[PDB]
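Using ideal geometry, Cβ is built from the backbone for each residue, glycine included, and neighbour counts are taken over all protein chains shown. What follows draws every value from the coordinates through simple rules; no lab data is involved.
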Amino acid sequence: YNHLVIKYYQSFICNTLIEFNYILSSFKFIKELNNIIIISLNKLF
Amino acid sequence: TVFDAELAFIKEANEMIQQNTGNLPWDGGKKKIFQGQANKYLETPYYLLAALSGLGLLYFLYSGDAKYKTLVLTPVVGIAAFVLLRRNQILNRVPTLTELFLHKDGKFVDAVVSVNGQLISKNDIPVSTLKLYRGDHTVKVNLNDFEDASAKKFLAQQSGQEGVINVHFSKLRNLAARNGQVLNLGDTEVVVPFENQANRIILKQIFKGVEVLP
Amino acid sequence: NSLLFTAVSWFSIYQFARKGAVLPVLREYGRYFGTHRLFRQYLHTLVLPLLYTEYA
Amino acid sequence: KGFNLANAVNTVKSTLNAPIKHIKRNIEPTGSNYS
Amino acid sequence: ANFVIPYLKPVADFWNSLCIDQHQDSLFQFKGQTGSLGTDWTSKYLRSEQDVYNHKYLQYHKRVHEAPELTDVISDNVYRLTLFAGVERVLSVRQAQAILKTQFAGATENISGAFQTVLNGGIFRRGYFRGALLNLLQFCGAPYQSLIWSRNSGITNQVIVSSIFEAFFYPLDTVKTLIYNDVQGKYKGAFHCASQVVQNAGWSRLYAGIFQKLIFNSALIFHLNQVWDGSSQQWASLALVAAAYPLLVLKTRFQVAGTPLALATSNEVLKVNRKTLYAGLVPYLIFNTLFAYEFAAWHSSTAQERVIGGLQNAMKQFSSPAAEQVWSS
Amino acid sequence: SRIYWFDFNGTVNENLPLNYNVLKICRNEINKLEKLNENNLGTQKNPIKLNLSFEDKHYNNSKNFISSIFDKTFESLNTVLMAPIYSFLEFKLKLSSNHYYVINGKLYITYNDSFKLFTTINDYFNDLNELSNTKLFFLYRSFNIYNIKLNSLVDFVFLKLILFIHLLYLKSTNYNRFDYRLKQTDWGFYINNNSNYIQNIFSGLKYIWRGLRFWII
Amino acid sequence: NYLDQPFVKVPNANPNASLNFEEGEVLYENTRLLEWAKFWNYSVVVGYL
Amino acid sequence: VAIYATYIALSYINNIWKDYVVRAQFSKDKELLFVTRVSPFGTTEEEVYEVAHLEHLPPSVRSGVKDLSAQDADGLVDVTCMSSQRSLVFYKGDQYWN
Amino acid sequence: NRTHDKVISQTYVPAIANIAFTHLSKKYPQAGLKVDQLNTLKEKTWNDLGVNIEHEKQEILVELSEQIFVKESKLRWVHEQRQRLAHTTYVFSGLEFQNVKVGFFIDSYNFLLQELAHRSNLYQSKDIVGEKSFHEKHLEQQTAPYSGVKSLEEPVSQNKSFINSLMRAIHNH
Amino acid sequence: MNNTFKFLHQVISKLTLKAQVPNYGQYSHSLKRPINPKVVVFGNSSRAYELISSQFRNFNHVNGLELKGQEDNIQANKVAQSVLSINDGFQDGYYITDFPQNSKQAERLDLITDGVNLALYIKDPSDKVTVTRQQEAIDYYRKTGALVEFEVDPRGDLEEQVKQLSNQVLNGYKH
């Protein structure tokens, strides 16, 4: 979450100085892996 | 005449002493009142290590010649390398103020800011707009989240959840301005490095919003 | 052995004379030709070992 | 500005005189009288 | 035996290979006969003790006649490249020391000063072994290819081929010299240093002292050829190399001149004090005399005759001193 | 062994050694005076009048490179060819082959482009040694103060670990099982711990190392 | 049993509460001894081996 | 033989170096002396002494005062901690002292 | 309960506490944040005091950097304060102090300050002159001027001979 | 920060300090002196003058008594311009006499020059003007920690006093 916020802030600053590809470079992979591990835990691991 | 290395080094040392104290003359109406340095972090070795770990895991899936210790160490090394790569990518794109020149009239400043090694120049910034933050501030995501549904939900869940979300800079200091202070240049906020050679009197005057007399 | 002794003696005389430490073995400025103690010490440390070697 | 035999001899003398204090301290009689 | 010996035993095997006569040991491994006499332990020992000089002769024959191999040349000059590779950096720093600011960081203007400047960084990539891989690459490039393209050639053809190849590979020499002299470690590598030089001074700045290097290489090749032949002109060649050494010093100073590594710009390299022209003459001569280049391909007829005659004379010991002179034999 | 007197009209403080720039001005004045004597200026009763202010005393191209390397190659060949000849000529000149000025009431020696106070030969050698020490370690003493990045990391890491320990014993009581066991015994030589154990945490590893220290090798 | 002295008390394991262990002025410092120590120790060990 | 010879060598090498003082720093009230000494493997180990128990004892043999290290200008000064009968060996050179 | 380990110098702990508590009282009045109550405040966390130290951490660091002068440091107070600000900003930005006691925060800042002071002296005492190393003694000896044979450079006519001139040249270079 | 990790922390910190200052262990005694020593001397007496002459023999003199009656910013600027250069004789050391007379001048000089490397107080009871005219400057330099007070007996031994002053000045320099 902090990485996403910081990337958004840096992208906004760079755009103002003169986009979301860098912000969301690997969000899906991390989110899917974390959700899979949470599901495995919910399976009483 | 013959070359004298001692006098050449005396001249070089005098120049270095003048630069360290921040004392620079007026050359062409722009007085260099600030010089900074931007940290450069490695990304290619970590990306290569992460890719190698992924390919090794895939190969060990293809061929069952993988030890238990190998199957344990490879994902750990890959995850660590990927985390370090992401951290270095975030740290490299930090916009750091590298050079700052003062106008002759003492009311505008020309800023050269480094973003991932790219130098961006702003040649008109009123001194009254400058504000050095002597402490953490709050960043705002004004465009809701302005992204896909999944990312928007993720950013909304761990935040104010109501439109514009405000995040205190304390949660982001270790990756955005860990090696400097946030300076609002009217429109944009850059990171002035702690390692810097600047004209301390003029820098103190301008960074509080106070203009410098011609 | 004589050449090693001569080399060591010449090296010592040169290195110590560079700092002004000249061993007071002979008279300063000779007697007939006015040669200096440094030159006569070099000559002796070159010749006398050879004479002793030949005699032995 | 180079090798010099006087400095070498001084260093050799310093090297030889360095362990004197520790040997003397080892030989020193303590304030102990083990009757 | 299951956890330590599998790792300790290879080290002991390597130690024995470095210590024990490998050809003789391998000969002793095949004990037995298959219909021929002279395959017992005694005959094998005798031929193995005669096989040392024969193997030396065969290696020299391969170096002289057959096409040169990189491994053979490297092993022939292993001490210059592996262990005393930092002495090359020391000599380069000594040559460039007159304009190198090393006098202002805990060092003097002598060979001890250059040694301490090199060794202050450490014993590795930032210190003694800085540029050692670049030195190995330069050796694989210029002298090895010169040997390849002029195998059995006269001194003039050797000089011509060597000059052509040193001209072709000179930017690597400039990069290596710049990497030798950065006491503060400004350059992170060969590519980084070359990129900085090209960006700040252009491509033509990589050829600062190419002509001085070529002339000094001609002199050095003549000296090496006179040394290999064993002629009495070794002292004349040493005098010639001593005379040509200021060319090498000027080459190093021109290479490091315009960079921030040096106090003097290029136009000021010829303004340096004349007494500093022979910056590292005696250390350079001592180092080359001890570990000189051994290019057995370039050996002339006299050098080949000398080496082979030495081996043949060494082969005369395999007879009984008290051998009766018999009427019928 | 010249003698000169300078009258500064009180502009230059005479209770402290003369500045390098003041002595340089005096040396230039003497050099101008010695070329053509000016009424024997510099006598005790006829001093030289100098009004030295604060500022006076204290304030003071591939083709091109190809042509350049060719010309410098020719000049380098000339220098190499002439170097032994120049050395021999200089040596023959050596074979073929004052500095004290009494400025006011003190003795000075001609040093560099100015004068230097000269009291004893030992003090002169000490001044030479101090100047050599100043020149010799200039780059060592001018190190980067803000090169602490790595150092910072070290500190941070340890504090991080310590922080975790503080997060592990936030609501943890002082007493252990042995404390109640001791409270049940008549062992007056042992007392019960009354403070937090975060300061001395993981000391058993230290004592384990000390126990096996001489036995590992 | 042996620490249970019948006539006197054994010293307390902890230092006296009156004592203050805060750092003060440095009196003597010869750090190079450590290096010498290392040297000699290592030398002996190597020689011993 | 290997185990005990190595143990004896290391232990007695450490014992020889255990007298010397690498560093000595007072407490704030100057009631304690923190003495850094040589560890078995060459690094630091810290001890604490009470300054009240430290004494520069004269030799038991009165004729041996001549044969002391402290007679020299650069010798050694042995100060006995009497509450533990330990030795603190200082270099009596002014450059090592505050 | 207590070991024989020296405690870090508490010279600047009252100053650090005073500056931090003055700033926090400017921000959080009626929190009972006084340097006189330092012991009781040390034994309590920031949540108990109702203080969000995370928000005030950077301002506290800047004020501590500005308003504390460390005399036992071989860095000039400008450079010393700037380096301390950088180092403490890095370290404290890495850390999280909300769930721990006030004593940990103050002791950690004092530890960083004293460690920077120690490093500025290269881990040697500022008050001890020390002995020159092998390199320093070697360089001191090697830069000593060479005073050659002074008897050769005399106005005596005996020094005008070729042999005397040769010896004079080769010795007094 | 605690007792257990102290040894590991100090070992690693000693190892990592070589990154910033290479070979600090072998040159520590040589690093006690800064590159450009700016000294501010307060003692104004006969014995004080003898100590200044003996100690700062190779340093240059900046007579701040001339800068009288200016704006307390012109004086500091001029003094800073006088102490931020190296002579052709490689004399990078300067000592300034009677310049700082109040806190403002000292603050300005420290801001321009990033602070003076040493402030020295001879503390001779035989002089009267030093406490009357530079007490604010002495208090300021004691506040910043750059002040070294070397108590001097005017009837004491000059050689012992100069040796003690040399040691104290060498140990009192700031980078």
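In order along region I:86-91, the phi-based Karplus estimate (6.51 cos²θ - 1.76 cosθ + 1.60, θ = phi - 60°) of 3J(HN,Hα) comes to 4, 4, 5, 4, 4, 5 Hz; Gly and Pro are listed as x.
Enter the angle in degrees (range 0 to 90, nearest 10) between the Cα long axis of helix I:53-67 and the first principal axis of the Cα atoms of chain I, meaning the one along which they spread out most. Roughly 40 degrees between the two axes.
Remark: for residue pairs E:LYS275/F:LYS35; F:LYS183/G:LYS9; D:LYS1/I:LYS137; I:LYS57/J:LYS174; D:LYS1/E:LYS176, the C-alpha separation exceeds 22 Å in E:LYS275/F:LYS35; I:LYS57/J:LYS174; D:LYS1/E:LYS176. The calculated 222 nm mean residue ellipticity attributable to helices in chain E amounts to -19500 deg cm²/dmol, summing -39500 (n - 2.57) over DSSP H runs of n ≥ 4 and dividing by all residues.
Taking other Cβ atoms within 10 Å as a rough exposure proxy, E:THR156, E:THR259, B:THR74, E:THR302 sort from fewest to most as E:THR156, E:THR302, B:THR74, E:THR259. Built from the Cα atoms of region J:32-71, the convex hull projects on average onto 4.2 nm², one quarter of its surface area.
With the convex hull drawn over the C-alpha atoms of region E:207-329, the volume per residue is 159 Å³. With the cut-off at 1.5 for a/c, could you classify region F:165-217 from its C-alpha gyration tensor as rounded, prolate or oblate? Since a/c reaches 1.5 but b/c is at least a/b, the shape of region F:165-217 is classed as oblate. For trypsin sites (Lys or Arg not before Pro), the sites in region I:98-153 that DSSP calls loop and that have at most 15 other Cβ atoms within 10 Å are I:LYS150.
For chain J, a/c is not less than 1.5, where a ≥ b ≥ c are the root eigenvalues of the C-alpha gyration tensor, and a/b tops b/c. That puts it in the prolate class. Taking the C-alpha atoms only, the angle from helix C:37-55 to the longest principal axis of chain C is near 10 degrees.
Antiparallel as a % of all DSSP beta bridges within the protein assembly as shown, to the nearest 5?
75
Highest mobility in the GNM of chain J, judged by mean-square fluctuation with C-alpha springs under 10 Å and restricted to J:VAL131, J:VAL79, J:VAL148, is found for J:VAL131. For the peptide H:50-62, the mean number of other protein chain Cβ atoms found within 10 angstrom of a residue's Cβ is 2.
Where only DSSP H runs of four or more residues are counted, chain H gives -5500 deg cm²/dmol as its mean residue ellipticity at 222 nm, each run worth -39500 (n - 2.57). Relative to the longest principal axis of chain B, what angle (0 to 90°, nearest 10) does the C-alpha long axis of helix B:5-20 take? The two axes meet at around 80 degrees. Close amide H pairs (under 5 Å, H built 1.01 Å from N) link F:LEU107 with F:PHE118, residues at least 5 positions away or on another chain.
Scanning residues 5 or more positions from F:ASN13 or on other chains, none has an amide H under 5 Å from its amide H, with H placed 1.01 Å from N in the peptide plane. Pairs to check: A:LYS28/B:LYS140; I:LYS42/J:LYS38; F:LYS32/J:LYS104; B:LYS104/B:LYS171. Give those whose C-alpha atoms are more than 32 Å from each other in this structure. In this structure, I:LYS42/J:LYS38; F:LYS32/J:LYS104; B:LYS104/B:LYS171 exceed 32 Å between Cα atoms. Taking other Cβ atoms within 10 Å as a rough exposure proxy, B:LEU185, F:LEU36, F:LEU52 sort from fewest to most as F:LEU36, F:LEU52, B:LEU185. The charge dipole of the protein assembly as shown, taken about the Cα centre with unit charges on the Cβ atoms of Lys, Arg (+1) and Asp, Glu (-1), comes to about 760 debye, rounded to the nearest 20. Neighbour counts of other Cβ atoms within 10 Å put F:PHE143, H:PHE41, F:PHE6 in the fewest-to-most order F:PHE143, H:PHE41, F:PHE6.
Any idea what the alpha-carbon Rg over 2.2 N^0.38 Å comes to for chain F?
Computed over Cα atoms of chain F, the ratio equals 2.21.
The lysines whose alpha-carbon is closer than 21 Å to the alpha-carbon of H:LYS66, local same-chain residues fewer than 8 away aside, are D:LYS21, D:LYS24, H:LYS92. With θ taken as phi - 60° and the Karplus curve 6.51 cos²θ - 1.76 cosθ + 1.60 applied, the whole-hertz 3J(HN,Hα) list for region E:285-292 is 5, 5, 5, 5, 5, 5, 10, 8 Hz, x standing for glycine and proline.
Highest mobility in the GNM of chain B, judged by mean-square fluctuation with C-alpha springs under 10 Å and restricted to B:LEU143, B:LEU203, B:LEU84, is found for B:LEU143. Eigenvalues of the alpha-carbon gyration tensor of chain B, scaled by 5 and square-rooted, set the equivalent ellipsoid semi-axes at 43, 29, 12 angstrom, largest first. Calculated FRET efficiency, H:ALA2 to B:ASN166, Cβ-Cβ distance, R0 = 45 Å: about 0.05 to the nearest 0.05. Largest GNM mean-square fluctuation across E:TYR245, E:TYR180, E:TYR278, computed for chain E with C-alpha springs under 10 Å, falls on E:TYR278.
Need the full-extension length gain, E:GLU69 to E:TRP41, defined as separation in residues times 0.36 nm minus the C-alpha distance. One decimal, nm.
Working it through step by step, the gained length comes to 6.6 nm.
Across chain B, Cα pairs under 8 Å and at least six residues apart give a relative contact order of 25 percent.
For the protein assembly as shown, the normalised intensity computed at q = 0.04, 0.08 Å⁻¹ comes to -0.34, -1.38 (log10 of I(q)/I(0), Debye sum over alpha carbons, equal scatterers, no solvent). Per residue of peptide F:32-45, the mean number of Cβ atoms on other chains within 10 Å of the residue Cβ is 0. Annotation: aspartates and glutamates with alpha-carbon distance below 12 angstrom to J:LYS163 (same-chain offsets under eight excluded): H:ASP94.
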